[PDB]
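As given, the protein sequences belong to chains A and A', one line each in that order. A prime marks a further copy of an entry chain.
Each residue of the first sequence is one higher than the one before, counting from 2 in the deposited numbering.
Each residue of the second sequence is one higher than the one before, counting from 2 in the deposited numbering.
Down below is the structure, laid out as structure tokens.
There are 2 protein chains.
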Amino acid sequence: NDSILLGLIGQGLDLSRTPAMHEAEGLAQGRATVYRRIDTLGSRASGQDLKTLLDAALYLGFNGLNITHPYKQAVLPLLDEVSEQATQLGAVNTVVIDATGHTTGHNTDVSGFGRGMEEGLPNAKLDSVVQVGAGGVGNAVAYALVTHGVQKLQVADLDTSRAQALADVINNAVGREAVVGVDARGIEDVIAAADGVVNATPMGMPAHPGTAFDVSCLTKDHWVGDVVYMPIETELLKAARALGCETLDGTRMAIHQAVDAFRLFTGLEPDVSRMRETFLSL
Amino acid sequence: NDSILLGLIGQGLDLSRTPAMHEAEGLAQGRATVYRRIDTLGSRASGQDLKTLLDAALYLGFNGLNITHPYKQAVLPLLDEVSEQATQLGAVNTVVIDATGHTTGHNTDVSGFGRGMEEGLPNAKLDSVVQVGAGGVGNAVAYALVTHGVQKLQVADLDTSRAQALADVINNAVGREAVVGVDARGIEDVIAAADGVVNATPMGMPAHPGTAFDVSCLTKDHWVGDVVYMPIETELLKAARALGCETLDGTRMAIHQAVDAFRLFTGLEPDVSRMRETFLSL
Ligand SMILES: NC(=O)c1ccc[n+]([C@@H]2O[C@H](COP(=O)([O-])OP(=O)(O)OC[C@H]3O[C@@H](n4cnc5c(N)ncnc54)[C@H](O)[C@@H]3O)[C@@H](O)[C@H]2O)c1
Ligand SMILES: NC(=O)c1ccc[n+]([C@@H]2O[C@H](COP(=O)([O-])OP(=O)(O)OC[C@H]3O[C@@H](n4cnc5c(N)ncnc54)[C@H](O)[C@@H]3O)[C@@H](O)[C@H]2O)c1
Ligand SMILES: O=C(O)[C@]1(O)C[C@@H](O)[C@@H](O)[C@H](O)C1
Ligand SMILES: O=C(O)[C@]1(O)C[C@@H](O)[C@@H](O)[C@H](O)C1
């Protein structure tokens, strides 16, 4: 029943649901678990370099870390080993620390989004998909999409260069032209012709109300996904559901990234329903 | 029910019972608790400076640390505040870390030994006591003795200068000549005339079998204490008990230092019997 020590290195972490998910699941499996925010905007860790914080976790007996913005790319060269997916994406969100201090990076944003597709869109047609948004989250989402059956992914971002950089990284990772950058302007016509669309922008959040594109381009035959998890039913997903579309809400990725990280950190098989219930309770 | 994160910085920590005591008591009070060894002889922390390790604990959300050999003196100048007792002794074994990272040093070896006297020797005559051993543990024990009613303490060590240094520190701390260094050679005659004697040497441990002085100097009217806690009944305490002496075993200090540290770390009132039972179970 050895206790488990985890943390999350990033900025602006107060509202994260990840600590609670891991603390509750460890306890449910008979292992007292501490999961600390390590917030470089906060009083404890501000001003410290990522390496200092990583090294600190090694010295003081952490079993694992998650890594979030702005450190998911910066962390790679600091680690002893990086999984093939995280290496090719160039982004790590999960660091397993061995008993004796060795670090291995993984990306459970990718695996978590993919699991969400399996769990919540098992029958979705995947030939042609549009993703709007090529930021940090979007990079993992795109990789997940094209490794879980999407034949052609068109990625749009207001910053065309972000979309093109994403496409290059993912296509190299998978070894085919799976992703094409397309203009954000006129994206509705591209979506109208596709099988599905995923929002990977902040649109739909309380501080970013609305949608990333005009929802009148949707049809009843589309499926629609959203990375936003608060609210769970974004304006986009409401519009999709009104037409009878299958929808994939952002909680699936948010929960499954933690399920998969917990498994990697501990070697235990997480109970998905318990972790989901923790997430929804917050 | 916020989780609690603690650790112990020192060398050669595998057999410490302190982590288990704190982990169990936190859990018993409804707070998942991790207490990590931070062992500078081990794979995680070896080669690191004390300041690096202290700073690490601040950054990564520790609520407290214990400090053991060889760092109890070295830690003082690294802390924001130090209690008056720990300051005057020049040794800290407990560091409370505030929510926002401020450190306060305390010495619960002193308070713990004193509590052990109250708990286990409530009726002991304290006019004249001999202590054999003026190492690290001995410094706290001597301070506890003379602040919990001992009028004259004679301290002997094979290294006379250690005993004399101890006497100077304690006498300055209390503001009277409470302690006198005396020769180890011939200590039996000094003990014979005293009310009680405390072993603060390694003698009695499995790897240091025997006693620090010839037990034929004891009488039925003496009380006898020992800092050794494994075995609980040292050869010294066996000899004392055979005469009908009251005895103070080393587990009292070992438990109470943790009781008092837990209170300081958490603001919760520890259950002494639960912590004692954890200690004895290991
Ligand atoms: N479900 C989860 O597990 C999870 C985890 C973290 C974040 N998120 C969500 O993901 C969202 C995106 O996070 P991020 O870190 O990638 O943000 P980001 O700001 O780094 O990237 C968002 C991208 O969207 C683009 N964009 C904004 N409006 C657009 C529009 N109308 N058309 C095309 N592109 C547009 C921006 O140019 C930017 O590159 C967050 O706001 C958050 O709501 C979800
Ligand atoms: N009960 C507790 O909470 C607790 C905690 C830690 C250690 N301990 C015990 O305390 C013991 C002492 O620890 P320490 O760190 O002070 O050790 P230390 O080696 O630093 O000090 C022991 C001192 O005893 C002296 N000594 C040895 N034999 C002697 C003798 N025959 N006569 C006079 N002096 C003699 C040595 O010269 C030395 O200065 C440990 O061996 C351990 O068993 C108890
Ligand atoms: O829940 C969060 O705050 C996270 O930062 C979200 C996402 O970035 C994950 O990859 C991290 O493991 C946890
Ligand atoms: O139990 C231990 O290992 C300790 O190191 C014993 C003693 O040195 C105490 O002061 C520490 O708090 C804990």
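The beta carbon of each residue, even a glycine, is placed where N, CA and C say it ideally should be.
Check	Outcome
Beta-carbon separation (whole angstroms), A':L7 vs A':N64, contact threshold 8 Å	6 Å
Check: A:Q258 C-beta below 7 Å from any heavy atom of ligand 3	yes
Any non-hydrogen atom of ligand 3 within 7 Å of A:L265 CB	no
Check whether A:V76 and A:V93 have beta carbons under 8 Å apart	yes
3 or more residues per run - each beta strand (DSSP E) lying fully within the stretch 234–266 of chain A'	247–249
Ligand 3 heavy atom lying under 7 Å from the CB of A:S282	no
Completely contained alpha helix (DSSP H) runs for the stretch 99–160 of chain A, where each covers 4 or more residues	109–121, 137–148
Per-residue burial, A:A208 [other beta carbons within 10 Å of its own, 16 or more giving buried]	exposed
Residue span of the beta strand (DSSP E) that contains A':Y60, given as start and end	No beta strand (DSSP E) contains A':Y60, which is instead part of the alpha helix (DSSP H) from 51–60.
Proximal chain A residues relative to A':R253, where beta-carbon distance stays under 8 Å	Within chain A, no residue comes near A':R253; the closest Cβ sits about 26 Å away, beyond 8 Å.
CB contact check: A':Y144 to chain A, cutoff 8 Å	no
CA-to-CA distance, A:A33 to A:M231, given in whole angstroms	29 Å
A:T161 CB to nearest heavy atom of ligand 3 below 7 Å	no
A':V93 beta carbon near ligand 1 (any heavy atom closer than 7 Å)	no
Extent of the continuous beta strand (DSSP E) to which A':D227 belongs	224–227
Which of helix, strand or coil DSSP assigns to A':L66	strand
As assigned by DSSP and simplified to three states, the class of A:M276	helix
Exposure label - A':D215; buried when at least 16 CB within 10 Å	exposed
Sequence-distant residues of the same chain with beta carbon closer than 8 Å to A:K126, five excluded per side	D196, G197, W224
DSSP beta-bridge partners of A:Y72	None; A:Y72 has no bridge partner.
CB contact check: A:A243 to chain A', cutoff 8 Å	no
CB of A':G11 within 8 Å of CB of A':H70, strictly	yes
Near-chain A' residues of the stretch 16–47 of chain A (beta-carbon distance less than 8 Å), N- to C-terminal order	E24, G27, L28, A33, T34, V35, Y36, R37, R38, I39, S44, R45, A46
Straight-line gap, A':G31 to A':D272 (C-alpha atoms, nearest Å)	13 Å
6 Å Cβ shell around A:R18 - same chain, five flanking residues per side excluded	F280, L283
Beta-ladder partner(s) of A:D40, from DSSP	A:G11
Option nearest A':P203 by Cα separation, candidates A':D227, A':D184, A':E24, A':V191	A':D227
Which listed residue (A':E247, A':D158, A':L90, A':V138) has its alpha carbon closest to that of A':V170	A':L90
Beta-carbon gap between A':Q155 and A':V199 smaller than 8 Å	no
is_contact[A:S274, chain A'] using C-beta, thresh 8 Å	no
Straight-line gap, A':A135 to A':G113 (C-alpha atoms, nearest Å)	17 Å
Between the CA atoms of A':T109 and A':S84 - distance to the nearest angstrom	11 Å
Element boundaries [beta strand (DSSP E), containing A':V198]	197–200
Residues near A':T161 in its chain [Cβ-Cβ closer than 8 Å; skip 5 each side]	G182, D184, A185
Backbone CA spacing between A:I68 and A:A243 [nearest angstrom]	37 Å
Closest residue to A':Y60 among A:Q165, A:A194, A:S44 (Cα-Cα distance)	A:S44
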